[PDB]
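Heads up, the chain below is alone and in the form deposited in one PDB entry; it's given as structure tokens.
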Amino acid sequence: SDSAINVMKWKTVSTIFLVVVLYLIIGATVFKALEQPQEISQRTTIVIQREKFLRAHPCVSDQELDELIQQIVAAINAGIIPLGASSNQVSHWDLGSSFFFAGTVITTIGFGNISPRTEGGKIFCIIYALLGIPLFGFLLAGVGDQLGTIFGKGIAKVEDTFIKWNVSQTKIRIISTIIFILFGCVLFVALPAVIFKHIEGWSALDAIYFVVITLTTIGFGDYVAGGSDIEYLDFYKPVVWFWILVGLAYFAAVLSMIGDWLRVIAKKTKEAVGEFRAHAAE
């Protein structure tokens, strides 16, 4: 009965797929409901800024105007400060920023603000990730273990003081998982999001949004710690490397937990549908 279970497996893969299709649909509508308006109010006002110099300088080709912008945007992807008051310019591929870049590869964050333009940079980048991603896999795992055992020692002390009359074995894990979410979200989310707000100038929401986008390895790149030129004590960046190293370890378990809650809510809903069928109006 080898196919007995494979027939059953495909039945579970297909329902998870139809539920993933439905999760993309619900989200797809909620984002354009949130973002479609601001996009329009920003295209009407940007055309208002277009005309105020479209006919403010008729002695330009006015086709090269929309062609000029192409030369800027197309050239901004690499990072360009085309200004006359700032002809001197800081590098994006210097000693520290190309060390950053390597980090954003092996950790699959890939912010993208700085990416290779040379065919060699690309070819090396493909080799670098195909090796470096697995390699960094072991480090993050060891950093998960260590960080994990440092918590086993802490709960061995918290699960002995709260041992009062009428204690249970399986219920006390509920108390455990709560302290993991609470203390975790402080050191890896709350505390570092504050330093971001003050060092990068970001808002409270923007710093948290950066933390989540970064430590889930989505890494859009719209916000990046250490991106601007401000001052960067350089006590700053090396601490961020460590935050990433341990902050990734954290979300790895957190995300993995959230999934278990999803099998369970999946079990209790699969059986609640059996109950409902089973009674269904008397």
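So that the term is clear: the rigid core is the largest set of C-alpha atoms that superpose within 1.5 Å between two forms. A residue's number is simply how far along the shown sequence it sits, counting from 1.
Asker: Among the other PDB entries compared that flank it on both sides, is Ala141 unmodelled in a third or more?
Answerer: That residue is present in all of the other compared entries.
Asker: Taking the other compared PDB entries with both flanking residues modelled, is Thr118 unmodelled in at least a third?
Answerer: Looking at the other entries that model residues on either side of it, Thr118 is present in every one.
Asker: Tell me which stretch, 118-126 or 148-156, has the higher mean Cα B-factor listed in the entry.
Answerer: Averaging CA B-factors over each stretch, the winner is 148-156.
Asker: Tell me which stretch, 266-274 or 16-24, has the higher mean Cα B-factor listed in the entry.
Answerer: Going by the record's values, the stretch with the higher mean is 266-274.
Asker: From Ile48, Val246, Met257, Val239, which pick has the Cα B-factor that tops the rest in the entry?
Answerer: That would be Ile48.
Asker: Among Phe111, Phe138, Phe180, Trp165, where is the Cα B factor highest in this entry?
Answerer: When the deposited C-alpha B-factors of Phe111, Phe138, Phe180, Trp165 are compared, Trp165 is largest.
Asker: Lowest, middle or highest third: which one holds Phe31 when the chain's residues are ordered by CA B-factor from the entry?
Answerer: Middle third of the chain for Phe31's C-alpha B-factor.
Asker: Taking the values exactly as deposited, rank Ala253 by C-alpha B-factor within its chain and report the matching third: lowest, middle or highest.
Answerer: Lowest third, going by the recorded CA B-factors of the chain.
Asker: Is the Cα B-factor recorded for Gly201 in the lowest, middle or highest third of its chain?
Answerer: For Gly201, the deposited C-alpha B-factor lands in the middle third.
Asker: Considering every modelled residue of the chain and its Cα B-factor in the PDB entry, is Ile172 in the lowest, middle or highest third?
Answerer: It falls in the top third of the chain.
Asker: Can you tell me which third, lowest, middle or highest, the CA B-factor of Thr161 falls into for its chain?
Answerer: Highest third of the chain for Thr161's C-alpha B-factor.
There is another form of the same protein, the form deposited in another entry; it is not shown, and what comes next is about it.
Asker: Among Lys164, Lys153, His198, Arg117, which is the residue that shifts its C-alpha 2 Å or more between this form and the one not shown, core superposed?
Answerer: Once the cores are aligned, the residue moving by 2 Å or more is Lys164.
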